[PDB]
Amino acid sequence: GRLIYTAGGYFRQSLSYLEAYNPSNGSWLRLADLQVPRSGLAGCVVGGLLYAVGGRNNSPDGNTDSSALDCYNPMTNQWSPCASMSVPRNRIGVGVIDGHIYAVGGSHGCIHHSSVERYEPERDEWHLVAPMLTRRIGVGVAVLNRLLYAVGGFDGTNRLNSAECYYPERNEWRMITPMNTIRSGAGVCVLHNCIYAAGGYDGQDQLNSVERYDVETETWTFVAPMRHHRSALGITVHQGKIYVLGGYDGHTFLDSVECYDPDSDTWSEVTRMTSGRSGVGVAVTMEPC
């Protein structure tokens, strides 16, 4: 589109912020709040609607996992409720294929989901598809060549370097080559022919390392590390550059936004969020009004 939207997140408690960054002028706009605070959600866009999916409201009144799908229209600057998912999914991953949204894994209390469901905007309806081979929360999800990939995460016991691929016409998951790094709460996105996995948590450390999967070669390769170690980051692609937003470095809920240039293999500090936060949902679409 034209703007990087960041929704929700966590600082001290789950957040309701919706803010949009303009790479062209470096500015931030605060837009309409989410109706319910949530961290550990995912964002995506389909047909110029921004969607906020799953997560959890960590608050002093209690902690509630979210099965919610909420619809944001930039023309109106209004959030509307859309169909809820079959199940709450905190620390969810999301992918869009052919205008359908795939909601992947995430947790509900001590339940770590391997289940996967698909949203159809024309019908405002969720349907379960084949489950992943592994339970994954803090799962990175990306789409390339109309195939969905679930990358790393946490299965309830172990943080994962494993990854798998969903073939829609076969309704089937298959393992792919595992990453060289255990990552839970990495940022996962696609750029050209490669699935990137940036940062994450291995159970001891928040990571600055970045690696990429070439679907043709089936191998993962390290690229330049980010400037900041970060888990529970938001990630998006805007005009052939990767943007990473916030996260947690073991000390600070980061406001730092970094930008990856694949030609020069370099990360650069691009802006700061209006406040530090982790577990945000990020997506790109056109300006509001």
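Note that residue numbering begins at 1 and tracks the sequence as displayed. The term rigid core refers to the maximal set of C-alpha atoms that superpose within 1.5 Å between the two forms.
Between stretches 170 to 178 and 197 to 205, the one whose Cα atoms sit farther from the displayed model in 9 other deposited structures of this protein on average is 197 to 205 (core-aligned, root mean square).
Higher mean CA temperature factor between 75 to 83 and 176 to 184: 75 to 83, per the PDB entry. Of the two segments examined, 215 to 223 and 194 to 202, it is 215 to 223 that shows the higher average Cα temperature factor in the deposited entry. The residue among 60, 54, 247, 43 whose C-alpha atom has the highest B-factor in the PDB entry is 60. In the PDB entry, a CA B factor belonging to the lowest third of its chain's modelled residues is recorded for residue 164. The deposited CA B-factor of residue 38 belongs to the lowest third of values across its chain. Residue 236 sits in the lowest third of its chain by CA B factor, as recorded in the PDB entry. Per the PDB record, residue ranking by Cα B-factor puts residue 18 in the middle third of the chain. Looking at the C-alpha B-factors along this chain, the one for residue 286 belongs to the highest third.
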